[PDB]
Asker: 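Here you go, one structure.
Below, each value reflects all heavy atoms present in this structure, side chains not excepted, and no hydrogens, waters or symmetry copies. Start at 1 with the first residue, then count along the sequence.
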Amino acid sequence: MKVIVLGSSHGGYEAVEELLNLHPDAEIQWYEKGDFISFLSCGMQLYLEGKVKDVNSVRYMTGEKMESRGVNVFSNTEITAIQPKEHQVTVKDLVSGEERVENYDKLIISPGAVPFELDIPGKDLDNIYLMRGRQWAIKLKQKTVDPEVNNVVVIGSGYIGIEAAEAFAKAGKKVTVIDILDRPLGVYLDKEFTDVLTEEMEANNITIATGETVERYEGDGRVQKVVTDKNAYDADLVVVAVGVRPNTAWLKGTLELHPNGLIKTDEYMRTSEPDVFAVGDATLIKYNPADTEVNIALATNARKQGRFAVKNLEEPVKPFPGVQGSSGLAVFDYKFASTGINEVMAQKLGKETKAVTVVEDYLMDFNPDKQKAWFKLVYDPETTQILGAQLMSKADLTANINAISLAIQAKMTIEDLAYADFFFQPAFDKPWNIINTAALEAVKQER
Ligand SMILES: Cc1cc2nc3c(=O)[nH]c(=O)nc-3n(C[C@H](O)[C@H](O)[C@H](O)COP(=O)(O)OP(=O)(O)OC[C@H]3O[C@@H](n4cnc5c(N)ncnc54)[C@H](O)[C@@H]3O)c2cc1C
């Protein structure tokens, strides 16, 4: 059986791993159009901030190691087209220019997404950078120590834009973050959390310019100004972190696509065509908090979909269990984590929720190490089933969100969590820990 896997990033990589333990026998070709196998773009912040010194070690696999395991790795080789009826792909070797047709028994594609660019006047003056992959990681690092870079502007106030803002502020630059949305990180966190985080970033001289539409980049040769509908900002460097486009225009006409460009797949990762499976950022995933399919571009999703595509290679036998959208990050001193439905998700989905927020020290009063923690529990008004939760503290309490993700998937209620058995020991928590305490508040509010 011959399986061709497209992409060496999180989705393609786990499809090769599960192929190796479920079909050791198979002939596996692994294709990557780029030059570097399995660079971890998730580790770009650690590298930019100097925590990791070698950019080439920010990876989780090499072609050499996969070849020791019997996989045929083809880097600098692009899949140009798929011919799904005859079960063939056309591939182009990018160093020699040679094209060739390859036949397959099963095809798994994880083509990913590309950084979205603002296509506005000034579009590319030099020093308007993107943040994805090795090459952009290297170029961004060189700018961190450039004495000519004093002002950096990042467009986008989501996860990636805040990682770039923190890394340039820690390198000693003045950073302005611009976005049309009214709060940074609103897709992950509600206003009581992003209000604290906005103060924290402003303390580290990051200006957050919310509610503005970038109109043009100005400059001579290279960027010098970013002008919005409301203002103009000096910029020696712009990082555009506004979002991501699915890398699928080459597939139009071959596979069914949704209007926004994402590949249509069912719960077995099957596309519209027999024997080709699609996984990763270019797909929708079952989202258990709201029982619907949502595009949640996270590495954890691509990895699980990649293994489920191999489980369903022969027969649709193993429907995907669905995910809660869990994410986590440190922003200067704060470590936050969230899962499930928050305010912006409930809006998008037209879902009504109730929520309690507790802010208090997470250790008992006599303990000198005590610190404030914020915890918000979101639940269904009718059933009181748990729908989401967000937590933040300068202490790392983030592993508690792993219990809430399971609570959502098992459809537990506020009462289940108010009395759930969580350990107590006074150097670690209070007799009713952070989850218990917020669920006890919710039970009282519904009494
Ligand atoms: C800066 C940054 C920080 C992030 N941090 C986190 C984090 O901390 N936690 C988390 O869960 N997620 C994080 N993510 C999201 C995560 O990186 C993505 O969800 C995940 O990489 C998607 O995997 P993928 O396989 O779908 O696609 P991609 O990573 O986009 O990879 C697609 C791969 O396929 C290759 N390819 C595409 N087309 C072809 C072709 N036709 N022929 C051959 N090869 C091709 C591409 O070159 C690329 O190597 C982050 C993303 C970024 C950019």
Side-chain angles (χ1 to χ4, degrees), residues 9 33-36 39-56 58-59 112-181 184-185 201 204-209 212-228 232-245 247 281 297 329 331:
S9 193
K33 68 194 215 290
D35 180 34
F36 189 98
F39 180 71
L40 183 90
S41 288
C42 316
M44 190 163 341
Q45 192 175 42
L46 288 167
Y47 165 67
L48 290 185
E49 283 171 14
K51 226 279 169 60
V52 180
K53 267 81 185 58
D54 178 12
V55 71
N56 297 317
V58 184
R59 63 144 99 210
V114 131
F116 190 103
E117 292 175 59
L118 256 29
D119 168 20
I120 52 180
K123 206 221 296 167
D124 246 292
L125 292 169
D126 308 340
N127 303 133
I128 293 167
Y129 286 8
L130 269 17
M131 195 166 150
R132 187 193 273 244
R134 250 255 292 174
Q135 288 309 324
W136 279 126
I138 292 176
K139 293 183 203 161
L140 256 5
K141 184 66 162 171
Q142 317 297 279
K143 295 300 182 207
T144 245
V145 295
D146 179 353
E148 308 292 87
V149 178
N150 298 284
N151 295 301
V152 345
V153 164
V154 342
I155 306 162
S157 61
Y159 201 90
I160 294 176
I162 295 314
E163 287 188 355
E166 183 181 298
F168 278 98
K170 286 176 171 185
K173 309 310 190 184
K174 258 54 188 55
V175 181
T176 303
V177 176
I178 301 171
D179 209 350
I180 57 167
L181 298 171
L185 298 167
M201 294 186 274
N204 287 95
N205 65 244
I206 290 177
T207 291
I208 293 92
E212 300 187 16
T213 304
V214 173
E215 291 187 349
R216 76 190 89 104
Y217 302 113
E218 263 166 33
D220 220 304
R222 38 66 167 282
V223 76
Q224 275 157 30
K225 281 273 183 193
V226 174
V227 348
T228 67
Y233 298 92
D234 294 308
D236 296 307
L237 199 245
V238 176
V239 182
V240 184
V242 129
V244 107
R245 271 182 271 134
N247 170 226
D281 282 4
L329 185 64
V331 175

Asker: How long is the straight-line distance from CG of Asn56 back to OH of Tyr47, given to the nearest 0.5 Å?
Answerer: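 Between atom OH of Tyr47 and atom CG of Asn56 there are 8.5 Å.
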Asker: Test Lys225 against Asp234 for side-chain contact (heavy atoms from CB on, under 4.5 Å), laying out the working first.
Answerer: CA-CA 4 Å; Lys225 281 273 183 193; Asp234 294 308; 3.2 Å; yes
Asker: Would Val154 and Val152 satisfy side-chain contact (heavy atoms from CB on, under 4.5 Å), going step by step from the backbone distance to the final call?
Answerer: CA-CA 7 Å; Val154 342; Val152 345; 4.2 Å; yes
Asker: With the side chain counted from C-beta on, respond yes when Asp146 and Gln142 share a heavy-atom pair under 4.5 Å apart, and no when they do not.
Answerer: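 No, every pair of side-chain atoms sits at 4.5 Å or beyond.
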Asker: With heavy-atom distances below 4.5 Å as the criterion, would you say the side chains of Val55 and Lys141 are in contact?
Answerer: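 No. Closest side-chain heavy atoms not under 4.5 Å.
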Asker: Nearest 0.5 Å please: distance from the CG atom of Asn151 over to the OG1 atom of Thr176.
Answerer: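 Going from the CG atom of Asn151 to the OG1 atom of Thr176 covers 7.0 Å.
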Asker: Flag the pair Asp124 / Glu117 as yes when at least one side-chain heavy-atom distance between them is below 4.5 Å, and no otherwise.
Answerer: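 They are in contact (side-chain heavy atoms under 4.5 Å apart), so the answer is yes.
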Asker: For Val223 and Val238, work out which heavy atoms get closest and say how close.
Answerer: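 Closest pair (atom of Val223, atom of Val238, distance): CG2-CG2, 4.1 Å.
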Asker: The test is side-chain contact (heavy atoms from CB on, under 4.5 Å); show your working for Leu329 and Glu163 and say whether it passes.
Answerer: CA-CA 9 Å; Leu329 185 64; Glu163 287 188 355; 3.3 Å; yes
Asker: Can you spot which of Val153, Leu118, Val227 makes a side-chain contact (heavy atoms from CB on, under 4.5 Å) with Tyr217?
Answerer: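 Testing each of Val153, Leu118, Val227 against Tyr217, the sole residue satisfying side-chain contact (heavy atoms from CB on, under 4.5 Å) is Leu118.
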Asker: Do the side chains of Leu46 and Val58 get nearer than 4.5 Å, heavy atoms only?
Answerer: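 Result no, sub-4.5 Å side-chain heavy-atom pair not found.
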Asker: When you look at CZ of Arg132, are more than 12 heavy atoms from neighbouring residues, nucleotides or ligands closer to it than 6.0 Å?
Answerer: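 Counting other residues, nucleotides and ligands, CZ of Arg132 exceeds 12 neighbours.
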Asker: Which atom pair, heavy atoms only, marks the closest approach of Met131 to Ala164?
Answerer: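 Smallest heavy-atom distance, with atoms named: SD-CB, 3.7 Å.
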Asker: In Å and rounded to the nearest 0.5 Å, what is the CD1 to CG distance from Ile162 to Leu185?
Answerer: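 Here the interatomic distance stands at 5.0 Å.
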Asker: What are the two closest non-hydrogen atoms of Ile128 and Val240, and how far apart are they?
Answerer: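 Looking at all heavy atoms of both residues, the shortest contact is CG2-CG2, 3.8 Å.
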Asker: Considering only heavy atoms from C-beta outward, does the side chain of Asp236 approach that of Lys173 to under 4.5 Å?
Answerer: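 Counting from C-beta outward, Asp236 and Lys173 never come under 4.5 Å.
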Asker: Would you say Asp281's side chain and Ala113's backbone share a donor-acceptor pair under 3.5 angstrom?
Answerer: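 Not a single qualifying donor-acceptor pair exists.
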Asker: More than 12 non-hydrogen atoms from neighbouring residues, nucleotides or ligands closer than 6.0 Å to NZ on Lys123, yes or no?
Answerer: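 No, not enclosed.
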Asker: Can you list the steps and then say if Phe116 with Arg245 is a side-chain contact (heavy atoms from CB on, under 4.5 Å)?
Answerer: CA-CA 6 Å; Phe116 190 103; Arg245 271 182 271 134; 3.7 Å; yes
Asker: Measure the spacing between OG of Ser157 and CD1 of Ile178 and express it to the nearest 0.5 Å.
Answerer: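 Those atoms lie 11.0 Å apart.
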Asker: Testing the basics here: between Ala137 and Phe39, what is the closest heavy-atom pair and its distance to 0.1 Å?
Answerer: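 The pair with the smallest heavy-atom distance is CB-CZ, 3.9 Å.
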Asker: Return the OG1 to CG distance between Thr228 and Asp179, rounded to the nearest 0.5 Å.
Answerer: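 Here the rounded value is 12.0 Å.
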Asker: Counting C-beta onward and ignoring hydrogens, is there a side-chain heavy-atom pair between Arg59 and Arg134 closer than 4.5 Å?
Answerer: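 No - every pair of side-chain heavy atoms lies 4.5 Å or more apart.
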Asker: Tell me if the CG atom of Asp220 is crowded by more than 12 foreign heavy atoms within 6.0 Å.
Answerer: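 Counting other residues, nucleotides and ligands, CG of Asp220 stays at 12 neighbours or fewer.
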Asker: Within 45 degrees of the axis of the six-membered ring of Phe168 and under 6.0 Å from its centre: does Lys143 put its NZ or CZ there?
Answerer: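 No - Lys143 does not lie over the ring of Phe168 by the 6.0 Å and 45° rule.
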Asker: Within this structure, what is the CD-CZ distance for the pair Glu148 and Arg222, rounded to the nearest 0.5 Å?
Answerer: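 The distance works out to 7.0 Å.
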Asker: Kindly give the heavy-atom pair with the smallest separation between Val177 and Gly156, and that separation in Å.
Answerer: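 The answer is CG1-O, 3.5 Å.
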Asker: Which atom names give the shortest non-hydrogen contact between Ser41 and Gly133, and what distance separates them?
Answerer: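 Taking every non-hydrogen atom into account, OG-N, 2.9 Å.
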Asker: Could you check whether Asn205 and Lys174, counting side-chain N and O atoms only, form a donor-acceptor pair closer than 3.5 Å?
Answerer: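 Looking only at side-chain atoms, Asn205 and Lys174 do form a donor-acceptor pair, the distance falling under 3.5 Å.
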